[PDB]
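Two forms, one protein chain; structure tokens for each follow separately as structure 1 and structure 2.
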Structure 1
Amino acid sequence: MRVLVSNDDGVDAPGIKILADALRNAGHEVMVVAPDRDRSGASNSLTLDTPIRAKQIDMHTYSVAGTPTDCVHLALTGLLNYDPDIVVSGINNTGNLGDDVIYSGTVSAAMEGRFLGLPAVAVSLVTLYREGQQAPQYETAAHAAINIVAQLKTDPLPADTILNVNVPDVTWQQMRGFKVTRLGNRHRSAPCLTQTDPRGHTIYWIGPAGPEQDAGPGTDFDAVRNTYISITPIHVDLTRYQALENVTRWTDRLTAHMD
């Protein structure tokens, strides 16, 4: 089939190159449109007050001076002569779990995919802090992504949600299987710490997570801790339909009161 690929770490990052290469080896057509540098720490909104620049790198690749949402939007509304079947965003160099999901740049590019009418997937590798060096297993995450893509064709899912995927950092021979999960939480517990800096000013640190967190059986945290790949289905429309009838009766009692 025909695929469109983006990310939030930049067009020159090791994980986006390994992903696109594997997809082509498997027999697919692939075009890449991604940011000119790393965008972590930047806001995810569409750019409306100023114009945007882009340049061709090779016959299949373009570099854009804007957000991950800017990259997917321009690709689908006039930048390319191309009609894709699906959007895939990643492979990210750290995990995207629990309370981190609503503000993730990797997730924002997949969202713009569905808004414009196509199915979409985000993929992330769960790396762990060390001292020296140990090279990350991007090859392991790519093998999972090509099998997910082929299957979405032979047995299609409805088109009103996005899939968020997280992969343990090991060789494939160690993996135990797949599991379907819900979002956990881990920073409701973080109780601030008071200190003094080298020039005499009072400063504050957000605390580390305690044991009273929500990361048990059924959650995304618990699956990856036990060496399984995690898949969570998420909303694309923030409207809460199941609450409309009740809020209307509430608003009626409000207006009768004041006037």
Structure 2
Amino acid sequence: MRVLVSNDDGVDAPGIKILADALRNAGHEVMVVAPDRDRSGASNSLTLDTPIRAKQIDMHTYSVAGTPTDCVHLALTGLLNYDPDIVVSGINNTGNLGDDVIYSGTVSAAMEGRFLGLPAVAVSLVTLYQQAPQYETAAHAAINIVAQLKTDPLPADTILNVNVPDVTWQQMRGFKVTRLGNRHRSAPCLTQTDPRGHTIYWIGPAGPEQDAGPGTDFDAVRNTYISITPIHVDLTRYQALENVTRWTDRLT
């Protein structure tokens, strides 16, 4: 019904506009609070030391000079007289798979969605390489997810990290629940030289042994399956608390 929409690529990004329109046409009351620019490369932390400017484009659309987390946080703490029951973050220009999820700005917005007691979904479009972006397919996926969460909503302890293959909806195989992978386990750092002659290092590409087998988000988007990874909102490993306590007591 009521959806708060944000992203990483900025408010002028085509990914979020198509998503907002798709949700508008789906009968959902949208609410866009997005960064002023593509802040992919800056921290995702809440801006606490400095105040944040929030210019409004039009109704239901606010531009925010700050991190995606700042967007969502402000949007739910006084910036808006709006009470959404779900936060949809996206649609990101690229994909968010494996280790790229923890530091993802798109995911960080959704991460801020749960911290304030709201179900959240991070939607990304796995694009590589001439071609045309399929944000409509990713949006069409989103409008079905939000609708399915209306009937029987998933537990208030996780968010959905959704990644969409950059293709058409007919070519799309379907949906699969996947776990996060690990692309750069055996990434062998290559050493080349700049024109100046100094030594520069490249982070190695996907090695022979990489965590991208079946059941991982990498595999799903590889075989044209819209990946859905339920990820933690609490980094605390509660199943390790029992062991570390004994370890700490022997150290205390």
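Basically, rigid core = biggest C-alpha set you can superpose within 1.5 Å across the two forms. Start at 1 and count along the sequence of structure 1; that gives the residue numbers used here.
Core-aligned C-alpha movement of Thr196 between the two structures, 2 Å or more: Shift at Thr196: 2 Å or more after core fit.
* So if we fit the rigid core, how much does the CA of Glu245 shift between the two structures, in Å? -> Here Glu245 registers a C-alpha shift of 2.4 Å.
How much does the C-alpha of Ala122 shift between the two structures, in angstrom, given a rigid core superposition?
-> The alpha-carbon displacement, core-superposed, is 0.2 Å.
Practice prompt. Quick one: how many Å does the C-alpha of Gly177 shift between the two structures once the rigid core is superposed?
Written response: C-alpha displacement of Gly177 between the two structures: 1.4 Å.
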